[PDB]
Structure formats: structure tokens, C-alpha cells
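Below: the structure, in C-alpha cells.
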Amino acid sequence: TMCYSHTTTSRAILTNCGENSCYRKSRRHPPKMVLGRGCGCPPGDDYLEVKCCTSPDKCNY
């Protein structure tokens, strides 16, 4: 999958994760600010929410 790789989606740059998933990590509790995006699927906990998707491309918006 091609994934977004930054905390903002504005910039015209992506990461080609290949066979790996995209992730989007954010604060689980409001304000739910995005803390990072990239390849793989790191573990969440009470503070951090991590969504992981394998398609379509840029699914980690």
C-alpha cells in the first residue's frame, strides 16, 4: 500500500509500504490529534489509538 507518512496530509509526499499496512496513530481521548502516520501497525494503549489499513492507497488519512 502507498501510505501517508506525516501528521499532516498536505505535502505531496507518500511512503510506499510495499506489502505492509499503513497506520494512523492519534490520541485516543479528545482532542484526538494525529501523532503520526507510516508503515506497519504499532500497538495502541490507553493513551494512543492506532488504526491500521491495507487498502485502498492512502487509507491512513
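Here, A, B, ... name the chains of the C-alpha cells in the order displayed, residue numbers run from 1 inside each chain, and ligands are numbered from 1 in the same displayed order.
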Output as an mmCIF file with N, CA and C atoms, in the first residue's frame all residues of chain A that backbone DSSP marks as strand (DSSP E).
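Output saved as selection-v7.cif:
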```cif
data_model
loop_
_atom_site.group_PDB
_atom_site.id
_atom_site.type_symbol
_atom_site.label_atom_id
_atom_site.label_comp_id
_atom_site.auth_asym_id
_atom_site.auth_seq_id
_atom_site.Cartn_x
_atom_site.Cartn_y
_atom_site.Cartn_z
ATOM 1 N N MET A 2 0.439 2.302 -0.667
ATOM 2 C CA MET A 2 1.073 3.609 -0.566
ATOM 3 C C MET A 2 0.369 4.229 0.654
ATOM 4 N N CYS A 3 1.079 4.848 1.554
ATOM 5 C CA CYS A 3 0.513 5.401 2.770
ATOM 6 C C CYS A 3 0.950 6.837 2.950
ATOM 7 N N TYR A 4 0.153 7.609 3.684
ATOM 8 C CA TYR A 4 0.603 8.941 4.100
ATOM 9 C C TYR A 4 1.693 8.716 5.153
ATOM 10 N N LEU A 14 4.505 10.623 -0.015
ATOM 11 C CA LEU A 14 3.922 9.390 0.457
ATOM 12 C C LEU A 14 5.043 8.387 0.741
ATOM 13 N N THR A 15 4.744 7.290 1.404
ATOM 14 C CA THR A 15 5.738 6.246 1.665
ATOM 15 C C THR A 15 5.113 4.998 1.036
ATOM 16 N N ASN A 16 5.949 4.261 0.321
ATOM 17 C CA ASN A 16 5.467 3.040 -0.315
ATOM 18 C C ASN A 16 5.800 1.927 0.667
ATOM 19 N N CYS A 22 -0.624 0.340 6.300
ATOM 20 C CA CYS A 22 -0.477 1.750 6.708
ATOM 21 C C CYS A 22 -0.962 1.877 8.150
ATOM 22 N N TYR A 23 -0.413 2.764 8.970
ATOM 23 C CA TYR A 23 -1.066 3.039 10.247
ATOM 24 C C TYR A 23 -1.336 4.534 10.416
ATOM 25 N N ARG A 24 -2.259 4.902 11.294
ATOM 26 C CA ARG A 24 -2.515 6.276 11.682
ATOM 27 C C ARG A 24 -2.606 6.244 13.212
ATOM 28 N N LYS A 25 -1.742 6.970 13.918
ATOM 29 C CA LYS A 25 -1.838 6.959 15.369
ATOM 30 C C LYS A 25 -2.266 8.319 15.853
ATOM 31 N N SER A 26 -3.126 8.320 16.865
ATOM 32 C CA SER A 26 -3.707 9.546 17.398
ATOM 33 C C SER A 26 -3.971 9.386 18.893
ATOM 34 N N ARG A 27 -4.196 10.503 19.560
ATOM 35 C CA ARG A 27 -4.647 10.475 20.941
ATOM 36 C C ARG A 27 -6.026 9.805 20.970
ATOM 37 N N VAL A 34 -3.688 13.814 15.597
ATOM 38 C CA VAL A 34 -2.913 12.804 14.902
ATOM 39 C C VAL A 34 -1.457 12.970 15.373
ATOM 40 N N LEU A 35 -0.831 11.873 15.747
ATOM 41 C CA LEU A 35 0.532 11.897 16.281
ATOM 42 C C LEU A 35 1.483 11.270 15.292
ATOM 43 N N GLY A 36 1.034 10.572 14.233
ATOM 44 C CA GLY A 36 1.996 10.018 13.286
ATOM 45 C C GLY A 36 1.262 9.137 12.307
ATOM 46 N N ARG A 37 1.882 8.875 11.178
ATOM 47 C CA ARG A 37 1.310 8.008 10.158
ATOM 48 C C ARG A 37 2.518 7.304 9.547
ATOM 49 N N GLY A 38 2.445 6.048 9.079
ATOM 50 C CA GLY A 38 3.600 5.439 8.428
ATOM 51 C C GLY A 38 3.306 3.982 8.051
ATOM 52 N N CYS A 39 4.332 3.143 7.907
ATOM 53 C CA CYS A 39 4.170 1.738 7.506
ATOM 54 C C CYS A 39 4.153 0.893 8.773
ATOM 55 N N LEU A 48 -2.870 5.967 23.337
ATOM 56 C CA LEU A 48 -2.671 6.024 21.907
ATOM 57 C C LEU A 48 -3.576 5.064 21.137
ATOM 58 N N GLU A 49 -4.289 5.595 20.139
ATOM 59 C CA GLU A 49 -5.166 4.826 19.285
ATOM 60 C C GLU A 49 -4.404 4.567 17.984
ATOM 61 N N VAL A 50 -4.380 3.351 17.439
ATOM 62 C CA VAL A 50 -3.601 3.081 16.208
ATOM 63 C C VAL A 50 -4.563 2.345 15.260
ATOM 64 N N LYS A 51 -4.900 2.968 14.149
ATOM 65 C CA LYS A 51 -5.737 2.325 13.154
ATOM 66 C C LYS A 51 -4.785 1.814 12.081
ATOM 67 N N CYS A 52 -5.054 0.639 11.515
ATOM 68 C CA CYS A 52 -4.176 0.039 10.517
ATOM 69 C C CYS A 52 -5.050 -0.425 9.363
ATOM 70 N N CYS A 53 -4.652 -0.142 8.116
ATOM 71 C CA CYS A 53 -5.450 -0.483 6.943
ATOM 72 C C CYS A 53 -4.541 -0.946 5.829
#
```
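Reported to one decimal place, the separation of atom CA of residue A:42 from atom CA of residue A:28 is 14.2 Å.
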Next item on the list: Name the closest residue to residue A:19 among the candidates A:55, A:60, A:1, A:7; distances are taken between atoms, counting only C-alpha atoms.
Entry: A:1
Check: How many Å separate atom CA of residue A:20 from atom CA of residue A:41?
Finding: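 Separation between atom CA of residue A:20 and atom CA of residue A:41: 8.6 Å.
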